[PDB]
$ cat model-v5.pdb   # PDB, C-alpha atoms
ATOM      1  CA  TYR P   1       4.941   1.807 -10.742  1.00  0.00           C
ATOM      2  CA  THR P   2       7.765   4.116  -9.586  1.00  0.00           C
ATOM      3  CA  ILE P   3       7.031   4.637  -5.907  1.00  0.00           C
ATOM      4  CA  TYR P   4      10.183   4.768  -3.751  1.00  0.00           C
ATOM      5  CA  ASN P   5       8.041   6.142  -0.932  1.00  0.00           C
ATOM      6  CA  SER P   6       8.858   6.153   2.752  1.00  0.00           C
ATOM      7  CA  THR P   7       5.908   4.361   4.430  1.00  0.00           C
ATOM      8  CA  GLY P   8       3.482   1.574   3.804  1.00  0.00           C
ATOM      9  CA  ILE P   9       1.015   1.238   0.950  1.00  0.00           C
ATOM     10  CA  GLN P  10      -1.235  -1.203  -0.799  1.00  0.00           C
ATOM     11  CA  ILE P  11      -1.106  -1.612  -4.558  1.00  0.00           C
ATOM     12  CA  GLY P  12      -4.704  -2.564  -5.115  1.00  0.00           C
ATOM     13  CA  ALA P  13      -6.360  -5.560  -3.554  1.00  0.00           C
ATOM     14  CA  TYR P  14      -9.418  -7.115  -1.906  1.00  0.00           C
ATOM     15  CA  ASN P  15      -8.113  -6.977   1.666  1.00  0.00           C
ATOM     16  CA  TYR P  16      -7.810  -4.529   4.548  1.00  0.00           C
ATOM     17  CA  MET P  17      -4.734  -2.600   5.614  1.00  0.00           C
ATOM     18  CA  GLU P  18      -3.660  -1.044   8.906  1.00  0.00           C
ATOM     19  CA  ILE P  19      -0.710   1.018  10.090  1.00  0.00           C
ATOM     20  CA  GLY P  20      -0.473   1.876  13.762  1.00  0.00           C
TER      21      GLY P  20
ATOM     22  CA  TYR D   1       3.300   6.856 -11.208  1.00  0.00           C
ATOM     23  CA  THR D   2       6.060   8.984  -9.628  1.00  0.00           C
ATOM     24  CA  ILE D   3       5.068   9.147  -5.976  1.00  0.00           C
ATOM     25  CA  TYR D   4       8.058   9.003  -3.601  1.00  0.00           C
ATOM     26  CA  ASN D   5       5.734  10.127  -0.815  1.00  0.00           C
ATOM     27  CA  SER D   6       6.283   9.753   2.899  1.00  0.00           C
ATOM     28  CA  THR D   7       3.199   7.857   4.176  1.00  0.00           C
ATOM     29  CA  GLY D   8       0.794   5.193   3.100  1.00  0.00           C
ATOM     30  CA  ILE D   9      -1.466   5.191   0.060  1.00  0.00           C
ATOM     31  CA  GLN D  10      -3.610   2.979  -2.081  1.00  0.00           C
ATOM     32  CA  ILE D  11      -3.216   2.947  -5.844  1.00  0.00           C
ATOM     33  CA  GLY D  12      -6.775   2.124  -6.748  1.00  0.00           C
ATOM     34  CA  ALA D  13      -8.572  -0.983  -5.619  1.00  0.00           C
ATOM     35  CA  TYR D  14     -11.759  -2.637  -4.357  1.00  0.00           C
ATOM     36  CA  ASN D  15     -10.714  -2.884  -0.706  1.00  0.00           C
ATOM     37  CA  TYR D  16     -10.591  -0.743   2.424  1.00  0.00           C
ATOM     38  CA  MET D  17      -7.579   1.013   3.894  1.00  0.00           C
ATOM     39  CA  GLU D  18      -6.727   2.210   7.394  1.00  0.00           C
ATOM     40  CA  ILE D  19      -3.847   4.088   8.986  1.00  0.00           C
ATOM     41  CA  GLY D  20      -3.865   4.569  12.733  1.00  0.00           C
TER      42      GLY D  20
ATOM     43  CA  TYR T   1       6.410  -3.565 -10.216  1.00  0.00           C
ATOM     44  CA  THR T   2       9.206  -1.020  -9.622  1.00  0.00           C
ATOM     45  CA  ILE T   3       8.746  -0.034  -5.994  1.00  0.00           C
ATOM     46  CA  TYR T   4      12.052   0.503  -4.154  1.00  0.00           C
ATOM     47  CA  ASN T   5      10.081   2.166  -1.366  1.00  0.00           C
ATOM     48  CA  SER T   6      11.191   2.706   2.200  1.00  0.00           C
ATOM     49  CA  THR T   7       8.475   1.051   4.348  1.00  0.00           C
ATOM     50  CA  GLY T   8       6.142  -1.880   4.305  1.00  0.00           C
ATOM     51  CA  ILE T   9       3.470  -2.688   1.745  1.00  0.00           C
ATOM     52  CA  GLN T  10       1.206  -5.424   0.534  1.00  0.00           C
ATOM     53  CA  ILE T  11       1.050  -6.333  -3.136  1.00  0.00           C
ATOM     54  CA  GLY T  12      -2.532  -7.480  -3.250  1.00  0.00           C
ATOM     55  CA  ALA T  13      -3.912 -10.295  -1.172  1.00  0.00           C
ATOM     56  CA  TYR T  14      -6.751 -11.722   0.924  1.00  0.00           C
ATOM     57  CA  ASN T  15      -5.170 -11.056   4.321  1.00  0.00           C
ATOM     58  CA  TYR T  16      -4.752  -8.231   6.818  1.00  0.00           C
ATOM     59  CA  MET T  17      -1.695  -6.066   7.352  1.00  0.00           C
ATOM     60  CA  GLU T  18      -0.433  -4.041  10.305  1.00  0.00           C
ATOM     61  CA  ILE T  19       2.500  -1.731  10.947  1.00  0.00           C
ATOM     62  CA  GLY T  20       2.992  -0.376  14.441  1.00  0.00           C
TER      63      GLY T  20
END
$ encode --input "model-v5.pdb" --output "structure tokens"
Amino acid sequence: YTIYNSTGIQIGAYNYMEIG
Amino acid sequence: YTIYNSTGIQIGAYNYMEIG
Amino acid sequence: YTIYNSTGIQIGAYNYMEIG
């Protein structure tokens, strides 16, 4: 998928996500 | 996908996303 | 999946996620 990002991601799902 | 971003993303899904 | 990111992710699930 070639990300090498620097903060938090999903990759496709059926659930929430939070970053505070 | 060639991202190397610096904060949080989805990649295409059927679920929510939040960043606080 | 070829990530080698630099902060925290899910990979697809049925549960929450938080990063403070």
$ residues_near_point --input "model-v5.pdb" --point "(3.2, 3.9, -12.4)" --cutoff "10 Å" --atoms "only C-alpha atoms" --output "PyMOL selection string"
(chain P and resi 1-3) or (chain D and resi 1-3+11) or (chain T and resi 1-3)
$ residues_around --input "model-v5.pdb" --residues "residue 13 of chain P" --least-positions-apart "3" --cutoff "9 Å" --atoms "all atoms listed in the file" --output "list in words"
residues 10 and 16 of chain P; 12, 13, 14, 15 and 16 of chain D; 10, 11, 12, 13 and 14 of chain T
$ interface_residues --input "model-v5.pdb" --of "chain T" --to "chain D" --cutoff "9 Å" --atoms "only C-alpha atoms" --output "short mmCIF file (atom, residue, chain, number, x, y, z; two decimals) with C-alpha atoms, in the coordinates of the input"
data_model
loop_
_atom_site.label_atom_id
_atom_site.label_comp_id
_atom_site.auth_asym_id
_atom_site.auth_seq_id
_atom_site.Cartn_x
_atom_site.Cartn_y
_atom_site.Cartn_z
CA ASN T 5 10.08 2.17 -1.37
CA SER T 6 11.19 2.71 2.20
CA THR T 7 8.48 1.05 4.35
CA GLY T 8 6.14 -1.88 4.30
CA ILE T 9 3.47 -2.69 1.74
CA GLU T 18 -0.43 -4.04 10.30
CA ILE T 19 2.50 -1.73 10.95
CA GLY T 20 2.99 -0.38 14.44
#
$ calpha_fit_and_write --input "model-v5.pdb" --fixed "chain T" --moving "chain P" --output "compact mmCIF listing (two decimals) with C-alpha atoms, keeping the file's coordinate frame"
# COMPACT_ATOMS: atom_id res chain seq x y z
CA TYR P 1 6.41 -3.57 -10.22
CA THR P 2 9.21 -1.02 -9.62
CA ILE P 3 8.75 -0.03 -5.99
CA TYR P 4 12.05 0.50 -4.15
CA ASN P 5 10.08 2.17 -1.37
CA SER P 6 11.19 2.71 2.20
CA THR P 7 8.47 1.05 4.35
CA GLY P 8 6.14 -1.88 4.31
CA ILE P 9 3.47 -2.69 1.74
CA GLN P 10 1.21 -5.42 0.53
CA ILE P 11 1.05 -6.33 -3.14
CA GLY P 12 -2.53 -7.48 -3.25
CA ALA P 13 -3.91 -10.30 -1.17
CA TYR P 14 -6.75 -11.72 0.92
CA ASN P 15 -5.17 -11.06 4.32
CA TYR P 16 -4.75 -8.23 6.82
CA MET P 17 -1.70 -6.07 7.35
CA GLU P 18 -0.43 -4.04 10.30
CA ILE P 19 2.50 -1.73 10.95
CA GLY P 20 2.99 -0.38 14.44
$ axis_aligned_box --input "model-v5.pdb" --around "segment 15-20 of chain T" --padding-each-side "8 Å" --output "AutoDock Vina command-line options"
--center_x -1.1 --center_y -5.7 --center_z 9.4 --size_x 24.2 --size_y 26.7 --size_z 26.1
$ decode --input "model-v5.pdb" --residues "chain P" --atoms "N, CA and C atoms" --output "PDB file, in the first residue's frame"
ATOM      1  N   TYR P   1       0.816  -1.204   0.000  1.00  0.00           N
ATOM      2  CA  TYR P   1       0.000   0.000   0.000  1.00  0.00           C
ATOM      3  C   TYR P   1       0.857   1.265   0.000  1.00  0.00           C
ATOM      4  N   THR P   2       2.110   1.135   0.444  1.00  0.00           N
ATOM      5  CA  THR P   2       3.128   2.182   0.316  1.00  0.00           C
ATOM      6  C   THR P   2       2.700   3.474   1.018  1.00  0.00           C
ATOM      7  N   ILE P   3       2.671   3.401   2.345  1.00  0.00           N
ATOM      8  CA  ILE P   3       2.271   4.551   3.145  1.00  0.00           C
ATOM      9  C   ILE P   3       3.467   5.313   3.697  1.00  0.00           C
ATOM     10  N   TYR P   4       4.206   4.683   4.607  1.00  0.00           N
ATOM     11  CA  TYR P   4       5.247   5.316   5.416  1.00  0.00           C
ATOM     12  C   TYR P   4       4.900   6.746   5.804  1.00  0.00           C
ATOM     13  N   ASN P   5       3.739   6.896   6.430  1.00  0.00           N
ATOM     14  CA  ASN P   5       3.225   8.176   6.884  1.00  0.00           C
ATOM     15  C   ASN P   5       3.901   8.603   8.172  1.00  0.00           C
ATOM     16  N   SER P   6       3.282   9.548   8.876  1.00  0.00           N
ATOM     17  CA  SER P   6       3.791   9.906  10.190  1.00  0.00           C
ATOM     18  C   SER P   6       2.692  10.132  11.230  1.00  0.00           C
ATOM     19  N   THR P   7       1.460   9.676  10.995  1.00  0.00           N
ATOM     20  CA  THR P   7       0.457   9.589  12.062  1.00  0.00           C
ATOM     21  C   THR P   7      -0.638   8.623  11.615  1.00  0.00           C
ATOM     22  N   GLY P   8      -1.649   8.445  12.461  1.00  0.00           N
ATOM     23  CA  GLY P   8      -2.405   7.208  12.491  1.00  0.00           C
ATOM     24  C   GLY P   8      -3.601   7.153  11.559  1.00  0.00           C
ATOM     25  N   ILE P   9      -3.770   5.997  10.920  1.00  0.00           N
ATOM     26  CA  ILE P   9      -4.703   5.830   9.815  1.00  0.00           C
ATOM     27  C   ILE P   9      -5.516   4.568  10.038  1.00  0.00           C
ATOM     28  N   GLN P  10      -6.658   4.466   9.369  1.00  0.00           N
ATOM     29  CA  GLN P  10      -7.255   3.165   9.133  1.00  0.00           C
ATOM     30  C   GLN P  10      -6.833   2.665   7.759  1.00  0.00           C
ATOM     31  N   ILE P  11      -7.264   1.459   7.415  1.00  0.00           N
ATOM     32  CA  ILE P  11      -6.965   0.932   6.093  1.00  0.00           C
ATOM     33  C   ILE P  11      -8.253   0.397   5.490  1.00  0.00           C
ATOM     34  N   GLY P  12      -9.377   0.767   6.078  1.00  0.00           N
ATOM     35  CA  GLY P  12     -10.634   0.314   5.532  1.00  0.00           C
ATOM     36  C   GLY P  12     -11.260  -0.730   6.419  1.00  0.00           C
ATOM     37  N   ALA P  13     -12.394  -0.402   7.027  1.00  0.00           N
ATOM     38  CA  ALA P  13     -12.920  -1.264   8.069  1.00  0.00           C
ATOM     39  C   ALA P  13     -14.399  -0.970   8.281  1.00  0.00           C
ATOM     40  N   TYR P  14     -14.934  -1.511   9.367  1.00  0.00           N
ATOM     41  CA  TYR P  14     -16.316  -1.377   9.786  1.00  0.00           C
ATOM     42  C   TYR P  14     -16.356  -0.889  11.227  1.00  0.00           C
ATOM     43  N   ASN P  15     -15.340  -0.123  11.630  1.00  0.00           N
ATOM     44  CA  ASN P  15     -15.239   0.341  13.007  1.00  0.00           C
ATOM     45  C   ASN P  15     -14.777   1.791  13.044  1.00  0.00           C
ATOM     46  N   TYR P  16     -15.007   2.430  14.188  1.00  0.00           N
ATOM     47  CA  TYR P  16     -14.666   3.831  14.378  1.00  0.00           C
ATOM     48  C   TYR P  16     -13.155   4.024  14.390  1.00  0.00           C
ATOM     49  N   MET P  17     -12.752   5.278  14.568  1.00  0.00           N
ATOM     50  CA  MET P  17     -11.358   5.609  14.835  1.00  0.00           C
ATOM     51  C   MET P  17     -11.322   6.973  15.493  1.00  0.00           C
ATOM     52  N   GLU P  18     -10.413   7.157  16.440  1.00  0.00           N
ATOM     53  CA  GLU P  18     -10.223   8.435  17.102  1.00  0.00           C
ATOM     54  C   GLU P  18      -8.738   8.691  17.305  1.00  0.00           C
ATOM     55  N   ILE P  19      -8.339   9.952  17.157  1.00  0.00           N
ATOM     56  CA  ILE P  19      -7.021  10.402  17.579  1.00  0.00           C
ATOM     57  C   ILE P  19      -7.188  11.721  18.315  1.00  0.00           C
ATOM     58  N   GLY P  20      -6.740  11.740  19.562  1.00  0.00           N
ATOM     59  CA  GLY P  20      -6.862  12.929  20.384  1.00  0.00           C
ATOM     60  C   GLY P  20      -5.608  13.773  20.363  1.00  0.00           C
TER      61      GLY P  20
END
